[PDB]
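Residue numbering restarts at 1 for every chain, and letters A, B, ... go by the order of the sequence lines.
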Amino acid sequence: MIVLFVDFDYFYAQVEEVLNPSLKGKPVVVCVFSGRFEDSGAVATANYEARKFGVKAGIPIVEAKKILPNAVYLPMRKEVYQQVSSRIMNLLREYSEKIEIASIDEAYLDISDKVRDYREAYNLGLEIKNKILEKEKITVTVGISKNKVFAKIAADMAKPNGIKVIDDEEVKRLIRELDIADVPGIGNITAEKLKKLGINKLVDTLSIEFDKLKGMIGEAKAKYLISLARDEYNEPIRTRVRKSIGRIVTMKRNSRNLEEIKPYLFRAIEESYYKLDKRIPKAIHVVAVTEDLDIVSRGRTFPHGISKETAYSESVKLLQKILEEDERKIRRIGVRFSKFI
DNA sequence: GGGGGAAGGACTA
DNA sequence: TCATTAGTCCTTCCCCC
Ligand SMILES: Nc1ncnc2c1ncn2[C@H]1CC[C@@H](COP(=O)(O)OP(=O)(O)O)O1
Ligand SMILES: [Ca+2]
Ligand SMILES: [Mg+2]
């Protein structure tokens, strides 16, 4: 198999630069303003001029401003980025029928039936990068390899505005030399448990007793890492179908007062229903982020679709369960709908 | 023993 | 007054066959 992965560069910030070219070359920070206080919220993404200085996805907006007080700070306009993304995803459909849209700015294309080798794969990558630049003036990074994982790693290595092929020989080299924390699916918690076992490279999972690996990181992650290390990882590119749709908002102030929480919960339901657009969910979950930042949730599955009115009444009973079973104050509240008919 | 659900846990972008 | 938003797959605990 030959997989070609496309990863749009610093996407939300790049879209803002396309819509306002005077922003080019300047640090641009796209933020999720929570409304609690002046600049409360976090950075969704920043362009590379901003990242060079440490301003990146995830940090508090107030911290970003301490580092780059004069950067351009813009509020996230998700619908705009989603419309631009949808147009780019339609351009990709022309290069393969087998495409897995992984997120708003990533797609995997199985081009095995389209090219004969990596030289042709690389040329198709350039064609794709050019097509997207021509139509939308958006740069992207292409990663190419024998499976999804390494195609993604190739993109991580080459972004931004790059293209890279990780051939069979390099895959073998990476299995020996790539820091295992850089393998997709291995976050800080798993990376720490692996460091602690002396596992710093994929190759190392082949010499540890399987049960010892599994006991520390779980059966699925152990089998995953071992299959990559044996160069036997096989996961097909498959059309993705959304399995859940939801909305979670931040409250002005923390609370565990039902009447004070309701308006936020109801606004989350209204927005979620708008997003469902014709999809009819059989399940609803109320999700709360507590003051200390833990996530708590309660849900219910019905034998039939949930009308908006049933969503309103059931969300209140589920929120009560959360309040009745957890004594902490709530910071963010929302709903998630799933099990579509 | 293990299918299936609810809720938490990690991780991703 | 640091700490968003959204979605996916896995683990754990429990009921149940
Ligand atoms: N921490 C985050 N919170 C919210 N959105 C995020 C976060 N991290 C990434 N994203 C979203 C926003 C832009 C979209 C793609 O990200 P971007 O292209 O900037 O990532 P990268 O440069 O790593 O490719 O993913
Ligand atoms: Ca990207
Ligand atoms: Mg990592």
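A heavy-atom distance below 4.0 Å to DNA chain C is reached by none of the residues of residues 192-203 of chain A.
For the pair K282(A) and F302(A), the cation-pi test (distance below 6.0 Å, angle within 45°) is failed.
Between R36(A) and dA3(C), a side-chain N or O to OP1/OP2 separation shorter than 4.0 Å is absent.
Comparing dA10(B), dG7(C), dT5(C) against the side chain of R247(A) picks out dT5(C) as the nearest. Each of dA7(B), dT4(C), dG7(C) was ranked by its minimum atom distance to the side chain of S34(A); first place goes to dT4(C). Side-chain proximity of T301(A) to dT11(C), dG7(C), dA6(B): nearest is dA6(B). Proximity note for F37(A) (side chain, C-beta onward) versus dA10(B), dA3(C), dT4(C): the nearest is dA3(C). The side chain of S244(A) approaches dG7(C) more closely than any other nucleotide in the set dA7(B), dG7(C), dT5(C). Out of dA3(C), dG7(C), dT12(B), the shortest distance to the side chain of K152(A) is found at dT12(B). The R336(A) side chain lies nearest to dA6(C) when the options are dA7(B), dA6(C), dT5(C). Taking only side-chain atoms of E219(A), from C-beta outward, the nucleotide of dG7(C), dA10(B), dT11(C) with the closest atom is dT11(C). The listed nucleotides are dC2(C), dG7(C), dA6(C); the one nearest the side chain of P60(A) is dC2(C).
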**OP:** Test side chain to side chain contact (heavy atoms under 4.5 Å, CB included) on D39(A) and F33(A) and set out the steps.
**Re:** CA-CA 6 Å; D39(A) 292 318; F33(A) 286 103; 3.7 Å; yes

Original post:
When you look at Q14(A) and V28(A), which way does the side chain to side chain contact (heavy atoms under 4.5 Å, CB included) test go after all the steps?
Top reply: CA-CA 9 Å; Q14(A) 195 182 354; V28(A) 177; over 6 Å; no

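In this structure, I2(A) CD1 and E120(A) CD are separated by 8.0 Å, a value rounded to the nearest 0.5 Å.
At a threshold of 4.0 angstrom between heavy atoms, the contacts of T45(A) with the nucleic acid are absent. Contacts of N188(A) with the nucleic acid, taken as non-hydrogen atoms under 4.0 Å apart, involve only primed sugar atoms and P, OP1 or OP2. In this structure, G334(A) reaches neither bases nor backbone, as no heavy-atom distance under 4.0 Å exists between it and the strands shown. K339(A) comes within contact range of the sugar-phosphate backbone alone, with a heavy-atom separation under 4.0 Å but no base atom that close.
Taking atom CZ of residue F33(A) and atom P of nucleotide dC2(C), one finds them 17 Å apart after rounding to whole Å.
For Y224(A) and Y233(A), the ring centers are positioned less than 6.0 Å apart.
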